[PDB]
């Protein structure tokens, strides 16, 4: 049902996609160790924001690892090209993983925004419901990326509605709570919003690839877009969230944070 299944791949195409996914695994697990070691310099009220980046690194790292092994399982070099064998490859498992990773990305944002108690629980709930609506409708949509492009588009429109409403909740909370933020991170959090808008918008662009580039090079482009988007939305984002957490920790008088920033 996926466009990947439609084509044979050149050695170049096949190896590049393998390299993209493998590099993706390496970057996320390398970043994992960074987040782990810097977590000790985060104050208790923010430390979970850094822990969530560790959780996202392993979650994303495992889905990329799984996609890479699925890629090599599904194809073999036969008569001059990589051709589909008995096992299958699908991006559908990415969508399932988003059900977990996207709530984690959203939660760590709410934490460094200094949301607490009732407002934190209510905002998280609405955000996660919006994200789940987006992911599920998008998942259904991509089941038709070969059979029914028109249906892919309509589910995509519904998904985009959830996306836009989710982004409005995010923007509203960021620009409202910006003032509460310490150590100059009221400025930094604004860049985080725009990083999110940019990186997350790459995913619906990837979703539309079967509509505007239905060929083997389109398959490569989609994996390339996922790689840019994953690294930006999880790793670069996590680094900024953790930077914000440490800076606010230091401004709040957390000595390990103050000492850590002092060494650099």
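Residue numbers count along the first chain shown, from 1. So that the term is clear: the rigid core is the largest set of C-alpha atoms that superpose within 1.5 Å between two forms.
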{"item": "Stretch with larger C-alpha RMS deviation in 7 other deposited structures of this protein, core superposed, 83 to 91 versus 131 to 139", "value": "83 to 91"}
{"item": "Given 41 to 49 and 55 to 63, the range whose Cα B-factors average higher in the PDB entry", "value": "41 to 49"}
{"item": "Selected stretch [higher average CA B-factor]: 91 to 99 or 179 to 187", "value": "179 to 187"}
{"item": "Residue, from 131, 164, 146, 104, that the PDB entry assigns the highest Cα B-factor", "value": "146"}
{"item": "Criterion, highest CA B-factor; candidates, 71, 139, 121, 194", "value": "121"}
{"item": "Third of chain Cα B-factors occupied by residue 26", "value": "highest"}
{"item": "Record-listed C-alpha B factor of residue 215: chain third", "value": "middle"}
{"item": "Modelled-residue ranking by C-alpha temperature factor, third containing residue 33", "value": "highest"}
{"item": "Residue 241 by Cα B-factor - lowest, middle or highest third of the modelled chain", "value": "lowest"}
{"item": "B-factor third for the C-alpha atom of residue 84 within its chain", "value": "middle"}
